[PDB]
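A.B. asks: Before I ask anything, let me first share the structure, which is written out below as structure tokens.
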Amino acid sequence: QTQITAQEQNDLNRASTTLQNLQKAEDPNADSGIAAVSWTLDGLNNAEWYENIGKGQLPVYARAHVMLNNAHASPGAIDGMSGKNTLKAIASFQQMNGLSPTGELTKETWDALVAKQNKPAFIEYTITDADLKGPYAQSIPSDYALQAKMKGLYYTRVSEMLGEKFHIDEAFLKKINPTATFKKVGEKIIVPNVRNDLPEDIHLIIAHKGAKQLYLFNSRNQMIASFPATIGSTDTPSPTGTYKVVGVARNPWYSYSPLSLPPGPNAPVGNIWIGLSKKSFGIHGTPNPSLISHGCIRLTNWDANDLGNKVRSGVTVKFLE
């Protein structure tokens with residue numbers, strides 16, 4: 001119930017050194033890491049690498065985003081903009097593919113990115129009756145009492161549900177669909193052509209707090225998947241112990257609150273147990289950005305669910321500063 005074969009420890013030590021090096025290789029100055037044209041379906045899908053791309057929100061970065069997400073280096077919410085999440089997702093893809101994990105969006109990197117892709121980055125999608133029906137909720141108040149009386153903390157609007165469905169940021173979805181009302185069945189929109197299907201080889205999971213990223217490795221020490229992550233809380237470091245994944249609970253209910261050996265002096269604990277407060281950690285999702293720890297791990301709702309399908313109860317999880 002608290003075991004840890006040396007192999008495990010070793011396997012984790014091995015992995016965390018790949019990561020510590022990976023971070024040493026990142027280029028903080030890469031244009032793809034800093035925050036600051038045709039946004040059609042054809043323009044998006046035929047975006048082209050070119051010199052001096054720079055920072056900002058460009059069709060080229062949005063094509064990269066989809067392509068990363070499909071190569072298991074998830075960039076998070078698709079944005080088309082440069083920024084930190086973008087940097088670490090290219091870095092992850094370079095590492096998994098034998099190119100220097102710098103995070104810079106080189107041509108060499110880009111060319112490889114497109115080569116793992118047979119499919120177009122974006123596709124045409126038809127808003128349906130199921131989409132318009134929800135169930136929805138008119139608001140999610142922030143007070144827990146108010147939230148508590150609802151039937152469910154549903155999605156609040158149609159474009160919210162569809163953005164989480166195609167891993168795209170909501171404003172970005174609207175930007176690239178400027179005539180969409182999201183109130184008509186049969187409406188046609190442009191969406192990410194995303195399917196991140198992870199391997200069944202998930203062996204160990206590292207939450208790397210410095211990089212703000214969750215990394216997945218297999219038994220051959222190859223890093224096979226990555227996600228942006230907000231790990232624990234600021235102002236307290238992350239747990240130094242090692243944990244195993246016990247269960248996947250989907251659509252959970254939240255809870256808020258403000259052998260057997262006899263006793264004696266020769267028991268394995270002796271005759272007294274001063275009990276310390278227990279902590280309870282999970283890898284979980286996030287709600288709408290407007291809404292909102294030490295050792296909780298926060299991903300986007302769709303990344304945690306992609307993880308939730310493939311991970312087997314048993315894999316070992318560690319933190320790394």
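As shown in the structure tokens, the chain order sets the letters A, B, ...; within each chain, residues go from 1, and ligands are also counted from 1 in the order they appear.
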Please provide as a ChimeraX atom specification all residues within 10 Å of stretch 194-199 of chain A, with the sequence filter that same-chain residues fewer than 6 positions apart are discarded (counting only C-alpha atoms).
C.D. replies: /A:65-74,119-123,165-168,216,218,224-225,302-303,306-307,309-311
A.B. asks: What's around residue A:172 at 8 Å? Count only C-alpha atoms, leave out sequence neighbours fewer than 2 positions away in its own chain, and write the answer as a short mmCIF file (atom, residue, chain, number, x, y, z; two decimals) with N, CA and C atoms, in the first residue's frame.
C.D. replies:
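Ended up saving to result-v4.cif:
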data_model
loop_
_atom_site.label_atom_id
_atom_site.label_comp_id
_atom_site.auth_asym_id
_atom_site.auth_seq_id
_atom_site.Cartn_x
_atom_site.Cartn_y
_atom_site.Cartn_z
N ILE A 78 -5.90 25.14 -28.14
CA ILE A 78 -5.39 25.68 -29.40
C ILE A 78 -5.68 27.17 -29.47
N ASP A 79 -4.66 27.92 -29.88
CA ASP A 79 -4.60 29.36 -29.78
C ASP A 79 -4.16 29.99 -31.08
N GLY A 80 -3.28 29.29 -31.78
CA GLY A 80 -2.45 29.90 -32.77
C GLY A 80 -1.44 30.91 -32.26
N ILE A 168 -9.83 23.51 -28.66
CA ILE A 168 -9.53 24.85 -29.13
C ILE A 168 -10.01 25.87 -28.10
N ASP A 169 -9.25 26.94 -27.92
CA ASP A 169 -9.69 28.04 -27.08
C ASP A 169 -10.95 28.67 -27.66
N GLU A 170 -11.85 29.14 -26.79
CA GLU A 170 -13.17 29.56 -27.27
C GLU A 170 -13.07 30.78 -28.19
N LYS A 174 -14.11 31.27 -32.16
CA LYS A 174 -14.95 32.33 -32.68
C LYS A 174 -14.21 33.14 -33.74
N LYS A 175 -12.94 33.48 -33.46
CA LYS A 175 -12.14 34.22 -34.43
C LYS A 175 -12.12 33.51 -35.78
N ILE A 176 -11.85 32.21 -35.80
CA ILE A 176 -11.80 31.51 -37.08
C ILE A 176 -13.18 31.10 -37.58
#
A.B. asks: Quote the spacing between atom CA of residue A:249 and atom CA of residue A:16 in Å to one decimal place.
C.D. replies: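 For atom CA of residue A:249 relative to atom CA of residue A:16, the distance reads 27.5 Å.
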A.B. asks: Just want the 9 Å neighbourhood of residue A:153, counted on only C-alpha atoms, with same-chain residues fewer than 4 positions away dropped. Output as a PyMOL selection string.
C.D. replies: chain A and resi 136-137+139-140+147-148
A.B. asks: Using only C-alpha atoms, which residue out of A:15, A:107, A:39, A:319 lies closest to residue A:178?
C.D. replies: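 That would be A:39, the residue with the smallest distance to residue A:178.
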A.B. asks: If you run DSSP on the backbone, which residues of stretch 62-304 of chain A are strand (DSSP E), as JSON, numbers by chain?
C.D. replies: {"A": [122, 123, 124, 125, 126, 188, 189, 190, 191, 192, 204, 205, 206, 207, 208, 213, 214, 215, 216, 217, 223, 224, 225, 226, 227, 228, 230, 231, 243, 244, 283, 284, 297, 298]}
A.B. asks: Keeping only C-alpha atoms, write the selected residues as a compact mmCIF listing (two decimals), in the first residue's frame.
C.D. replies:
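Saved to again-v5.txt:
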# COMPACT_ATOMS: atom_id res chain seq x y z
CA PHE A 122 -8.58 21.40 -39.54
CA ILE A 123 -11.92 20.04 -40.75
CA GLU A 124 -15.48 21.14 -41.43
CA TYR A 125 -17.92 20.38 -38.63
CA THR A 126 -21.72 20.67 -38.62
CA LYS A 188 -20.95 24.72 -40.45
CA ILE A 189 -17.77 25.68 -38.54
CA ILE A 190 -14.01 25.09 -38.81
CA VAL A 191 -12.52 22.98 -35.98
CA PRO A 192 -9.29 21.20 -35.01
CA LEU A 204 5.42 6.20 -15.17
CA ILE A 205 4.18 9.78 -14.90
CA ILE A 206 6.24 12.80 -13.87
CA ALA A 207 4.73 16.16 -12.95
CA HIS A 208 7.62 18.56 -13.63
CA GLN A 213 4.26 20.20 -17.70
CA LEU A 214 3.11 16.61 -17.09
CA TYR A 215 5.30 14.05 -18.89
CA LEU A 216 4.47 10.44 -19.70
CA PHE A 217 7.18 7.79 -20.12
CA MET A 223 8.94 10.05 -23.32
CA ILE A 224 5.69 9.41 -25.15
CA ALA A 225 3.20 12.14 -24.20
CA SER A 226 3.09 15.55 -22.56
CA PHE A 227 0.51 18.05 -21.36
CA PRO A 228 0.65 21.54 -19.87
CA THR A 230 -0.58 23.64 -13.21
CA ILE A 231 0.97 21.60 -10.39
CA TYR A 243 2.60 7.69 -5.64
CA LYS A 244 0.68 5.08 -7.64
CA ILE A 283 -4.61 14.40 -11.67
CA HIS A 284 -7.79 16.25 -12.70
CA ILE A 297 -2.20 18.21 -10.81
CA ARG A 298 -4.37 20.38 -13.11
A.B. asks: Could you go through stretch 68-317 of chain A and tell me which residues DSSP, when run on the backbone, assigns to alpha helix (DSSP H), listing them as number ranges by chain?
C.D. replies: A: 68-70, 84-96, 107-115, 129-133, 144-148, 158-165, 170-175, 301-310
A.B. asks: Take the residues from that selection and write them out as a tab-separated table (two decimals), in the first residue's frame, keeping C-alpha atoms.
C.D. replies:
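Printed below is part.tsv as written:
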chain	number	residue	atom	x	y	z
A	68	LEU	CA	1.71	18.81	-31.92
A	69	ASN	CA	-1.51	17.74	-30.16
A	70	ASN	CA	-1.69	14.75	-32.53
A	84	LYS	CA	5.16	29.36	-23.01
A	85	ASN	CA	2.82	26.39	-23.58
A	86	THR	CA	3.84	26.53	-27.25
A	87	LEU	CA	7.54	26.45	-26.36
A	88	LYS	CA	7.32	23.34	-24.18
A	89	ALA	CA	5.14	21.45	-26.66
A	90	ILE	CA	7.62	21.83	-29.52
A	91	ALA	CA	10.44	20.99	-27.08
A	92	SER	CA	8.54	17.83	-26.12
A	93	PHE	CA	8.03	16.91	-29.79
A	94	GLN	CA	11.68	17.51	-30.65
A	95	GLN	CA	12.78	15.31	-27.76
A	96	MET	CA	10.47	12.44	-28.72
A	107	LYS	CA	12.20	24.37	-40.40
A	108	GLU	CA	13.79	21.02	-39.57
A	109	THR	CA	11.37	20.64	-36.66
A	110	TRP	CA	8.36	21.89	-38.68
A	111	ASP	CA	9.10	19.56	-41.61
A	112	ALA	CA	9.15	16.57	-39.23
A	113	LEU	CA	5.95	17.80	-37.56
A	114	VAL	CA	4.08	17.72	-40.89
A	115	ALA	CA	5.59	14.32	-41.75
A	129	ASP	CA	-29.23	19.12	-32.43
A	130	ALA	CA	-27.32	17.30	-29.71
A	131	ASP	CA	-24.92	20.26	-29.58
A	132	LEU	CA	-27.69	22.83	-29.15
A	133	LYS	CA	-29.55	20.81	-26.51
A	144	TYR	CA	-20.18	27.00	-3.61
A	145	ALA	CA	-23.61	27.16	-2.04
A	146	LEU	CA	-25.11	28.35	-5.27
A	147	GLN	CA	-23.20	25.80	-7.24
A	148	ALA	CA	-24.29	23.08	-4.86
A	158	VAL	CA	-22.65	26.30	-27.04
A	159	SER	CA	-19.25	27.59	-28.12
A	160	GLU	CA	-17.82	26.59	-24.71
A	161	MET	CA	-18.85	22.94	-25.16
A	162	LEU	CA	-17.52	22.81	-28.72
A	163	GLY	CA	-14.17	24.35	-27.77
A	164	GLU	CA	-13.55	21.68	-25.16
A	165	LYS	CA	-14.68	19.14	-27.75
A	170	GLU	CA	-13.17	29.56	-27.27
A	171	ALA	CA	-12.18	33.01	-28.57
A	172	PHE	CA	-9.95	31.31	-31.10
A	173	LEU	CA	-12.87	29.16	-32.26
A	174	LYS	CA	-14.95	32.33	-32.68
A	175	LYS	CA	-12.14	34.22	-34.43
A	301	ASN	CA	-10.50	18.59	-19.26
A	302	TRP	CA	-9.69	16.81	-22.55
A	303	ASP	CA	-6.06	16.02	-21.72
A	304	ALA	CA	-6.98	14.47	-18.36
A	305	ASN	CA	-9.66	12.43	-20.11
A	306	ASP	CA	-7.23	11.23	-22.80
A	307	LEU	CA	-4.97	10.21	-19.92
A	308	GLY	CA	-7.93	8.72	-18.07
A	309	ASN	CA	-8.65	6.19	-20.81
A	310	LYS	CA	-5.16	4.77	-21.15
A.B. asks: Near residue A:242, within 12 Å and counting only C-alpha atoms, which residues show up once chain neighbours fewer than 4 positions away are dropped, as a list in words?
C.D. replies: residues 1, 2, 3, 4, 5, 6, 8, 9, 10, 11, 12, 13, 204, 205, 206, 207, 238, 281, 295, 314, 315, 316, 317, 318, 319 and 320 of chain A
A.B. asks: Write a file of the selected residues as a compact mmCIF listing (two decimals), in the first residue's frame, keeping N, CA and C atoms.
C.D. replies:
# COMPACT_ATOMS: atom_id res chain seq x y z
N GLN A 1 0.85 -1.21 0.00
CA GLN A 1 0.00 0.00 0.00
C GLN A 1 0.88 1.25 0.00
N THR A 2 2.20 1.09 0.13
CA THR A 2 3.14 2.24 0.07
C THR A 2 4.46 1.72 -0.47
N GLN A 3 4.43 0.57 -1.14
CA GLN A 3 5.67 -0.07 -1.64
C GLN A 3 6.33 0.77 -2.73
N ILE A 4 7.50 0.34 -3.21
CA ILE A 4 8.21 1.04 -4.32
C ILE A 4 9.44 0.21 -4.68
N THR A 5 9.25 -0.84 -5.48
CA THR A 5 10.41 -1.65 -5.92
C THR A 5 11.52 -0.70 -6.37
N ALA A 6 12.77 -1.09 -6.16
CA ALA A 6 13.91 -0.26 -6.61
C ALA A 6 13.76 0.05 -8.09
N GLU A 8 11.30 0.58 -9.87
CA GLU A 8 10.45 1.79 -9.97
C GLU A 8 11.33 3.01 -9.70
N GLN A 9 11.85 3.10 -8.47
CA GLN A 9 12.69 4.26 -8.10
C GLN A 9 13.68 4.51 -9.23
N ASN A 10 14.44 3.49 -9.60
CA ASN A 10 15.42 3.63 -10.70
C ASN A 10 14.69 4.19 -11.92
N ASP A 11 13.61 3.53 -12.34
CA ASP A 11 12.96 3.99 -13.57
C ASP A 11 12.62 5.47 -13.50
N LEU A 12 12.16 5.93 -12.33
CA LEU A 12 11.82 7.33 -12.12
C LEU A 12 13.07 8.22 -12.14
N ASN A 13 14.15 7.78 -11.49
CA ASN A 13 15.40 8.54 -11.50
C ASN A 13 15.90 8.72 -12.92
N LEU A 204 5.22 5.30 -16.29
CA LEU A 204 5.42 6.20 -15.17
C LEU A 204 5.08 7.62 -15.62
N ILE A 205 4.65 8.43 -14.66
CA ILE A 205 4.18 9.78 -14.90
C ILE A 205 5.00 10.72 -14.03
N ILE A 206 5.55 11.77 -14.63
CA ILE A 206 6.24 12.80 -13.87
C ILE A 206 5.54 14.13 -14.06
N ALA A 207 5.25 14.80 -12.95
CA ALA A 207 4.73 16.16 -12.95
C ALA A 207 5.92 17.08 -12.68
N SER A 238 6.59 20.89 -4.23
CA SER A 238 5.79 19.72 -4.54
C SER A 238 6.24 18.52 -3.70
N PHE A 281 -4.30 13.50 -3.30
CA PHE A 281 -3.89 14.09 -4.56
C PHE A 281 -4.50 13.35 -5.73
N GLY A 295 -0.17 19.41 -3.97
CA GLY A 295 0.13 18.22 -4.75
C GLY A 295 -0.96 17.77 -5.71
N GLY A 314 -1.93 1.52 -11.21
CA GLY A 314 -0.67 0.87 -10.92
C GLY A 314 0.52 1.73 -11.28
N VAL A 315 0.40 2.54 -12.33
CA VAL A 315 1.55 3.32 -12.78
C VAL A 315 1.99 4.27 -11.68
N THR A 316 3.28 4.57 -11.66
CA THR A 316 3.84 5.35 -10.57
C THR A 316 4.00 6.80 -10.99
N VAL A 317 3.73 7.71 -10.06
CA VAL A 317 3.72 9.15 -10.31
C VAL A 317 4.70 9.81 -9.35
N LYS A 318 5.53 10.71 -9.88
CA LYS A 318 6.48 11.47 -9.08
C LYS A 318 6.43 12.94 -9.49
N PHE A 319 6.85 13.80 -8.57
CA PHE A 319 6.98 15.22 -8.83
C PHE A 319 8.45 15.55 -9.05
N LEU A 320 8.71 16.68 -9.69
CA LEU A 320 10.09 17.11 -9.87
C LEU A 320 10.13 18.63 -9.91
A.B. asks: Quick one: distance from atom CA of residue A:82 to atom CA of residue A:100 in Å, one decimal?
C.D. replies: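 Distance between the two atoms: 19.3 Å.
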A.B. asks: Grab the atom CA of residue A:300 to atom CA of residue A:75 distance for me, in Å with one decimal place.
C.D. replies: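 These two atoms are separated by 10.3 Å.
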A.B. asks: Measuring atom to atom with only C-alpha atoms, identify which of A:270, A:58, A:29, A:253 is nearest to residue A:151.
C.D. replies: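 Between A:270, A:58, A:29, A:253, the residue approaching residue A:151 most closely is A:253.
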